[PDB]
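In structure tokens, one chain follows: the form deposited in one PDB entry.
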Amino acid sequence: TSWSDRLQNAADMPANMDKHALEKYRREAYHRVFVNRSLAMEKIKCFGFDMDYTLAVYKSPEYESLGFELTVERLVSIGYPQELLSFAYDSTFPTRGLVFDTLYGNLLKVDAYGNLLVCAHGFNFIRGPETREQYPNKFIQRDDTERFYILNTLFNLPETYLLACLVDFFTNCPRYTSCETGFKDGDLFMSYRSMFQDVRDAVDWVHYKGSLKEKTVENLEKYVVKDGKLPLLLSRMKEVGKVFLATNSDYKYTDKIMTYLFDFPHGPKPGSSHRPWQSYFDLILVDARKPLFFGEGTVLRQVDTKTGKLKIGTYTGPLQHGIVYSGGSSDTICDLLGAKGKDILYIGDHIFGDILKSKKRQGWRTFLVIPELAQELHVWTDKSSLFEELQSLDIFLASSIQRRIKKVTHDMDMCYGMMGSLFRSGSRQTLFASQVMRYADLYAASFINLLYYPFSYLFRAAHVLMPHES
């Protein structure tokens, strides 16, 4: 049962909009909206969206596996060894938010302060003492972006696994000699850094020039979560405010995906006339180029929606019905919708590129979609006795208690996969968890969970006190 199986299972259920049905439904962890900072929904005048992994949630592990297969084929195509073709995507290995260390070829799971929680070289999980040889302070300077790449998006899951596959392959293949910073193949030296760059270039290529979009579109049921409650929620948002789309994707792909998401034999509710997807939006903007979008952005362009091509020149005209924009900036949206930042709830999955930046640069309110949560919550609740035991051990300590703390930490983490929970390793929170807490005002496995809260719900979080205030 993947996280997308959980989401699609919930998507298949029709909305019971009886007020008591809603009240009962959103008590369950799975259908809840989680609150980091209080948010009065009555003050929200605009609802904004990203598309990929927000409105269009790609099914797991099928979509990662397709990305993986195409990336592999691209690398083989440019001259990587044929053995790569015998790799197969393994959803049990990667967790999102790992750091690739390009100097030593390791995947690292870190906390908010750069402290190492997990280190794997290929598929070899390196224990505490052996990590000190390369990381004397069990620490990395994560701002050293030439050396460290943080694999923070769901699109990075296939390359997270591929990097490990490649390091493993080259290490165990007799044709290469393993060196501290890469591999020697006679008079050729392949650094982990150049290998990483090839992978990164190949993923980019697959998305922008290769066949990933085409293969997705030719089998949308296989690859994309579909939920009849999507149109209903968007219609309800539009009754109390404005709705916009701001996506990095191009118009043609956006139109294919969105048409599929709205292709039901009815509109918002069963029995209603079907309406085109575009009618759900007061403003539609593609080719957004976030995160730059939240600063200077790029020039505002107009999409010719017949051809899918941009009209020539900068668009100087007003917001009108049926217009589709390309590029622009976050100010374009504010100014055309007559919104201030705090009037906007921006809904997306990119914890850095969208949520962090819209919050820091513009003061937008934020809703982070975390697809993996839909399954992480089942593990958290089913194995709560492991975490509870770990808590008790840390308490009792505060000798063989440490050994047992390590063992329980391991067993807990393995329930989530080889790289553990997205949010922690044992009692230590990940960088990703800290970023969610700091920059996502609200979060959930799906933004559909908003459907279960009344129009002007007050989402509440407790006031924060400093230690000397407590």
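Residue numbers here begin at 1 and follow the sequence given.
As for the form solved in complex with a small molecule, it is not shown, yet the points below apply to it.
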{"query": "Which of 175-183, 298-306, 347-355, 275-283 sits within 4.5 Å of the small molecule in the bound PDB entry, heavy atom basis", "finding": "347-355"}
{"query": "Joint contact, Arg32, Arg236 and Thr366 to the small molecule in the bound PDB entry, by non-hydrogen atom at 4.5 Å", "finding": "no"}
{"query": "Close approach of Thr216 to the small molecule in the bound PDB entry, 4.5 Å, heavy atom", "finding": "no"}
{"query": "Contact label in the bound PDB entry: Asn152 to the small molecule, heavy atom within 4.5 Å", "finding": "yes"}
{"query": "Contact flag, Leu70 vs the small molecule in the bound PDB entry, heavy atom cut 4.5 Å", "finding": "no"}
{"query": "Contact of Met41 with the small molecule in the bound PDB entry (heavy atom, 4.5 Å)", "finding": "no"}
{"query": "The single option of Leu431, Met412, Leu442, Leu66 touching the small molecule in the bound PDB entry, heavy atom within 4.5 Å", "finding": "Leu431"}
{"query": "Position in contact with the small molecule when the complex is considered in the bound PDB entry, options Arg74, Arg193, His121, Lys290, heavy atoms within 4.5 Å", "finding": "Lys290"}
